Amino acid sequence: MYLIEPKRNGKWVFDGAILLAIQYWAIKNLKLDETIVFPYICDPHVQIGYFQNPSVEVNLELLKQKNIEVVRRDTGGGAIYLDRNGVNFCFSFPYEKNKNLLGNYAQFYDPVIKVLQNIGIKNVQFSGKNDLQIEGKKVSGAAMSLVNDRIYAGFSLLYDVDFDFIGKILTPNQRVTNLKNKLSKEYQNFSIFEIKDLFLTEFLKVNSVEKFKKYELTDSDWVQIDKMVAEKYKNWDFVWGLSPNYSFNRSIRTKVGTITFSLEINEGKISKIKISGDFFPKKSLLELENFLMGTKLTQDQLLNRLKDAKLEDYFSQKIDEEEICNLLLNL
């Protein structure tokens, strides 16, 4: 198991966008045939999933007011708020050695639950979706995707929360707790760097690993990471361009999550379409949106096109194609 701390010439980095960039850089460029761990503690910012639209997920005025960034990550899932009171861990798992991990939140979280138990946390449970919950209240969210031969997976930990701010800055569908007061009393006043440390030590134990193999980002890695920051994580086209607000917007709750269709209509046909939501598609939806372009907004064309798109190739659960058809027929 490798550990990549987000350090630059020995300085700890807290920029959420750079932190993802580090991870994705590793994913793409670090051919280590071992799990790499990426602990990260970020300055306040909102991180949204790849398929999400920041405009509908964030209170944009509160974000501007508080002068904090939106950062889109590469994985699906939903929008989280991240500050110095959260400790997150991403991973680059060799896909061949963890073939059953893709989409398997339970497996992914098993060592985490184990770590949290070991650390005195009451009754942390896998939510069954992609979360960890104590007595109804979410303490962690997770996301993953397959990229190259690597599974990119990450979970957050809400060590301490600003409950007021979190429910104000995130506008989903328009509840969570801290871990601080829930650890063994020995740990209850640990700072965030101490929790990260405690968690990583515990994570090694729970995973039967004596020590992390050391990987320090070199100047040269940083040049590539900085480039991915410029071209992607802090690139408007990626953060904002990716999810345009088209004229018509409809959403359905489905098993995979809330799917929103944002589309343009010219001559009774879908002219532009953007499918967004907090889900975890099997492959990129760009192909599906492209497939749907040109479809007449009639039952017959929509049903057929939606059938032909083989939605199961794109989403894990079954989507009601007719639900989507009928939703779109109303425009």
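In this text, residue numbers run from 1 along the sequence as written.
Is there a break between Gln174 and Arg175, and how many deposited residues does it span: none, 1 to 3, 4 to 9, or 10 or more?
A long stretch, 10 or more residues, is missing between them.
Averaging only over Cα atoms, indicate whether 126-134 or 241-249 has the higher B-factor in the PDB entry.
The recorded data point to 126-134.
Please work out which of 315-323 and 8-16 has the higher mean CA B-factor as recorded in the PDB entry.
According to the entry, 315-323 carries the higher average C-alpha B-factor.
When you compare the CA B-factors of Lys227, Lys97, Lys214, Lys234 as listed in the entry, which one comes out on top?
That would be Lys97.
Which of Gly154, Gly257, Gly86, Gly78 ranks first by CA B-factor in the deposited coordinates:
Highest C-alpha B-factor among the listed residues goes to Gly257.
Third of the chain's Cα B-factor distribution that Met1 belongs to, per the entry
Middle third - that is where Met1 ends up once the chain's C-alpha B-factors are sorted.
Using only modelled residues of the chain, where does the Cα B factor of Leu32 rank: lowest third, middle third or highest third?
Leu32: CA B-factor falls in the highest third of its chain.
Chain third (lowest, middle, highest) by recorded CA B-factor, residue given as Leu60
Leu60: CA B-factor falls in the highest third of its chain.
Using the B-factors in the PDB entry, rank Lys185's C-alpha atom against the chain and give the third, lowest, middle or highest.
Highest third.
Splitting the chain's C-alpha B-factors into thirds, which one does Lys168 fall into?
It falls in the top third of the chain.
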